[PDB]
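Visitor: Pasting an experimental structure with its sequence.
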Amino acid sequence: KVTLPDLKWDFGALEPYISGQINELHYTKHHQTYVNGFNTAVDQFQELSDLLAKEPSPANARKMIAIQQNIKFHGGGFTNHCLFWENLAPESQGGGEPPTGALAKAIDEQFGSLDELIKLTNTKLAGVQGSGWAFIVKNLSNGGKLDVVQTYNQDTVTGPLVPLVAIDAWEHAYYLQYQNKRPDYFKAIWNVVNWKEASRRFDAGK
Amino acid sequence: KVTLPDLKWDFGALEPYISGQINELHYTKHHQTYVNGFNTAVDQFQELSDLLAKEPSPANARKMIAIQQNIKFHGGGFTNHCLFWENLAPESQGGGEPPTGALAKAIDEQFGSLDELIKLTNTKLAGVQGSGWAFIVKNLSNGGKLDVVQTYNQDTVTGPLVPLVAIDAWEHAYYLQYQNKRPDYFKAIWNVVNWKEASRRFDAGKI
Amino acid sequence: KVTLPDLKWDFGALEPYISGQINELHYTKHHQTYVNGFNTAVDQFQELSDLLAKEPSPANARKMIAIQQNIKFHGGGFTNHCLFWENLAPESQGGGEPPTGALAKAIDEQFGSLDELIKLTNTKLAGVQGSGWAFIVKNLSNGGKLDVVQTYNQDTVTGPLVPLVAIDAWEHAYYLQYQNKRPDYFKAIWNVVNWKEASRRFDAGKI
Amino acid sequence: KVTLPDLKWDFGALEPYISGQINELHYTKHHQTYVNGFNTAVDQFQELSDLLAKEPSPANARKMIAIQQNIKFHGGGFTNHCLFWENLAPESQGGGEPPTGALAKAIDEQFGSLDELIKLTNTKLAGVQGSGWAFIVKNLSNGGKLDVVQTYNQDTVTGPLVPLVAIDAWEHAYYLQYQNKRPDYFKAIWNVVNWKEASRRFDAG
Ligand SMILES: [Mn+2]
Ligand SMILES: [Mn+2]
Ligand SMILES: [Mn+2]
Ligand SMILES: [Mn+2]
């Protein structure tokens, strides 16, 4: 059974970049919905697995096929938002401060500068044509190199792709404050990105 | 734990429309792979579920997300092939004979004739751009009306879309015999379609 | 060059069901974005098509492939919103009034009642996991039968699936008024659905 | 108008790794189908484009949406196969010989060895659940770093992802020789991969 994670900051601590009203809805309603949906999906899979074991029919296999979509969607919603809150922080907790150490070295070597990486990520965010996410990732399969990837809906990065910074591009992440002005949101959010957490994720490779 | 279903006919019973060599590989290799993959994926889900209950971390949920794809793909492969074998039959067992009862009525009313429904299905099959399936379905949500739908890979028809006839359009379903000539396969298969099973599925409104 | 369509109603005319604030942003900003993106994509097509004629290389075909997604997405956004505005009307212009003629007959025959069709549509809307649309359609391939289809992003219904009622499920269609309470929006919108236009589309069997 | 490209080798030249029977069908039938489909789709879109200029209706935009699917699929089929023939070669033309220069240095730095990159690519190929491709790519957006990406159907790599080696995982690429033994085909194909072409693509970007 999963639950909402503890936040490291108060709902209004990311103002003026992200409003307290958005954070409260985003956490208490949206993230909670994924929590509930994931727990439900996993319970349903347990029931269907037990059913399939005693009656291993195509009919019962078809029922299991039907709920894996919910496990993927709600599981992704649960995990993506957990990553998101952990890579946000108010300026008083280091939000917006550049990364140091090995991550900073890799960023300059690969993208030239942090600003160039941020600009690339904002282009990737703008290019999400629907609901989705951008992630700055470390790829463990190609020698640990940085990349920026897009996902749709609540799809996430798995396997050798370790998420370092997750940025939510669903309209509920910004609409109450920015309405249609999504580039203003993508620009603003970097002021409260926690690069210390990004560096930790980079160093651990988890 | 799932297993290969019993066949209602021998591998060579659908000759010359579908070769015995294809049926043998299709069943003993391809369908078996989905059986194994599905069993493995469900066991893996179980293992991860037990772990999540003790450590409900985002990291463990992430692992479960990865396994979902395999449950979907192999579960689909298992289910779709089971449907496929059950809607094929040699002529001696009624393969190629038209449906009767309520299904026959519905077909003429919606498509004009069985031949027109078959033509539409062959167009849908030709339109699969990659691996996939076409299904003649009964839609329980719109008053039980017939339709033809396409799926990709091992996606299948679920919920209110009840499969009546499943036709495999993966290249392994025909390539050894027809090579690139996929429309020849799509034309040929109707000679061994089991419309009695289709009628049964239509009446039952379920698998 | 495509442009924003004329609206048949004032921005605030669908209140209380959809706020004037939402309609104004939805039309002047969101729909405009798709108009701009589609015009840009088509111009880019033309440039690349000309280039390909002179230099029919894989590299140039690769550039053409890259632009296809923008044509699809923005084309869909343009088309879907045009459909949407035309199937909404204030109560004073008949919004919420049931369809008549051949469409009303089809609805009762397939769904039992208009209420049952609306409930199905709301379930399909609720099932959109991300941004998307639901469409009540007439399927020209199966004898003209009604159905409800979901799409994601700005995917749309093409070919034999003729849209009769389009309902937008993107968060921008409701969030300023309803926030997370998407089912309340899906319930409310029917009060301003223009079933006369749905009937017109049903009879025409085209856009 | 696109056409089938010239091959640099005879149909049977890749035996015993890929049969002449397969190459002949794969080129003269399958690739030709994509050539024809792409030409048809581009012509259709041009007609619709000229029409939209005079009648910029939702009805006409809807027709254009329908055609783009064929542009993507057949365009991908056309380009992916062009890449494929150019990154295959018989042993007599250097097939199977390791890359050199900058590409070889990048491979060792990122993957440890060519063998390790090949093993990774084979895992990516094995993971294609349906028809599709694996590509070894140079990513121009992250400093030119190598990666391996999977695509489905005739989807391809575009923009900053430069294809260096394309490997076809559609069943028609192997079934006549390997039938269900897809992993054996993935293992075998490296004996006729043209890494000289891969190195050229890497250096050019
Ligand atoms: Mn969110
Ligand atoms: Mn099959
Ligand atoms: Mn909209
Ligand atoms: Mn091929």
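Guide: That came through, no problem. Numbering: from 1, shown residues only, chains lettered A, B, ... in the order given. Ligands and ions are numbered 1, 2, ... in the order given.
Visitor: what about residue A:134, which SS state?
Guide: strand (DSSP: H, G, I helix; E, B strand; the rest coil).
Visitor: surely it meets residue A:169?
Guide: Yes: at 6.5 Å, residue A:134 and residue A:169 qualify as touching, with contact defined as C-beta atoms under 8 Å. The way it works is simple: take the backbone N, C-alpha and C, and place the C-beta from them, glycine included.
Visitor: Are there residues contacting both of these two? Which ones?
Guide: Applying C-beta atoms under 8 Å, 6 or more residues apart in numbering or on different chains, one finds that residue A:134 and residue A:169 are jointly contacted by A:125, A:128.
Visitor: any idea which helix or strand carries residue A:78?
Guide: For residue A:78, the host element (DSSP states H and E) is helix A:58-86.
Visitor: so how far is the next helix or strand after that helix from its chain's centroid?
Guide: Next along the chain after helix A:58-86, taking DSSP H and E as the criterion, comes helix A:101-111. Distance, stretch centre to chain centre, for helix A:101-111: 22 Å (C-alpha atoms, centre = their mean, to the nearest Å).
Visitor: Could you do stretch A:16-29 as well?
Guide: Counting by C-alpha atoms, centre = their mean, stretch A:16-29 comes out at 15 Å from the chain centroid.
Visitor: now swap in stretch A:87-105 and tell me
Guide: 17 Å.
Visitor: again, but for stretch A:25-33
Guide: How far stretch A:25-33 lies from its chain's middle: 14 Å, per C-alpha atoms, centre = their mean.
Visitor: ok so, going back, tell me what the helix holding residue A:78 is packed against?
Guide: If contacts are counted by 3 or more C-beta pairs under 8 Å, 6 or more residues apart in numbering or on different chains; DSSP states H and E, helix A:58-86 sits against helix A:32-54, strand A:161-168, helix B:58-86.
Visitor: Name the nearest residue to the residue nearest in space to the middle of chain A, sequence neighbours excluded.
Guide: Nearest residue to the geometric centre of chain A (C-alpha atoms, centre = their mean): residue A:80, 3.2 Å. Spatial nearest neighbour of residue A:80, excluding adjacent residues (C-beta to C-beta, 6 or more residues apart in numbering or on different chains): residue A:156 at 5.5 Å.
Visitor: and that neighbour, how many neighbours?
Guide: Using other C-beta atoms under 10 Å in any protein chain shown, the number of residues around residue A:156 comes to 24.
Visitor: go on, residue A:178?
Guide: Residue A:178: 18 neighbours (other C-beta under 10 Å).
Visitor: State the distance from it to chain C.
Guide: 11 Å (C-beta to the nearest C-beta, to the nearest Å).
Visitor: likewise residue A:51?
Guide: Remark: distance between residue A:51 and chain C (C-beta to the nearest C-beta) = 23 Å.
Visitor: Break chain A into its domains for me.
Guide: What curated CATH domains lists as the domains of chain A is A:19-89, A:90-205.
Visitor: Any idea which residue of chain A lies closest to ligand 3?
Guide: Across chain A, no residue is closer to ligand 3 than residue A:171, which sits at 9.9 Å (C-beta to the ion).
Visitor: In contact with the residue nearest to the centre of chain A, which residues are there?
Guide: A:133, A:154, A:156, A:166, A:168 are the contacts of residue A:80 under C-beta under 8 Å, 6+ apart.
Visitor: Quick check: the last one touching residue A:85?
Guide: No: the pair residue A:168 / residue A:85 is not scored as a contact, 10.1 Å apart, by C-beta under 8 Å.
Visitor: Now do the shared contacts for the two.
Guide: With C-beta under 8 Å, 6+ apart as the test, residue A:168 and residue A:85 reach no residue in common.
Visitor: For chain A, what lies in contact range of chain D?
Guide: For chain A, the residues in contact with chain D (C-beta under 8 Å from any C-beta of the partner chain) are A:109, A:110, A:111, A:120, A:139, A:141, A:142, A:143, A:145, A:146, A:147, A:148.
Visitor: With chain D as the reference, measure out to the residue nearest to residue A:80.
Guide: 17 Å.
Visitor: Surely that residue is in contact with residue A:150?
Guide: No: with contact defined as C-beta under 8 Å, residue A:156 does not reach residue A:150; the gap is 11.5 Å.
Visitor: Name the residue of chain A that lies nearest to ligand 2.
Guide: residue A:58 (14.4 Å).
Visitor: Next, count neighbours for that residue.
Guide: Residue A:58 has 20 nearby residues by other C-beta under 10 Å.
Visitor: With adjacent residues omitted, what lies nearest to it?
Guide: Residue A:58's closest residue in space is residue B:82 (C-beta to C-beta, 6+ apart), at 4.2 Å.
Visitor: State the distance from residue A:166 to ligand 1.
Guide: 10 Å (C-beta to the ion, to the nearest Å).
Visitor: Same check on residue A:161?
Guide: For residue A:161, the distance to ligand 1 - C-beta to the ion - is 20 Å.
Visitor: my guess is that residue contacts residue A:146, does it?
Guide: No: if you go by C-beta under 8 Å, residue A:161 and residue A:146 don't touch, sitting 10.8 Å apart.
Visitor: joint contacts of the two?
Guide: Contacts common to residue A:161 and residue A:146, judged by C-beta under 8 Å, 6+ apart, are A:137, A:138, A:139.
Visitor: Between those residues, identify the one with the most neighbours.
Guide: That'd be residue A:138 among the shared contacts of residue A:161 and residue A:146, by other C-beta under 10 Å, with 24 neighbours.
Visitor: In contact with that residue, which residues?
Guide: Contact analysis of residue A:138 by C-beta under 8 Å, 6+ apart lists A:144, A:145, A:146, A:161, A:162, A:164, A:201, A:202, A:205.
Visitor: For the residues you listed, which two are the farthest from each other?
Guide: With C-beta to C-beta as the measure, no two of the contacts of residue A:138 lie farther apart than A:145 and A:201, at 14.7 Å.
Visitor: Just give the number of residues close to residue A:110.
Guide: By the criterion of other C-beta under 10 Å, residue A:110 has 18 neighbours.
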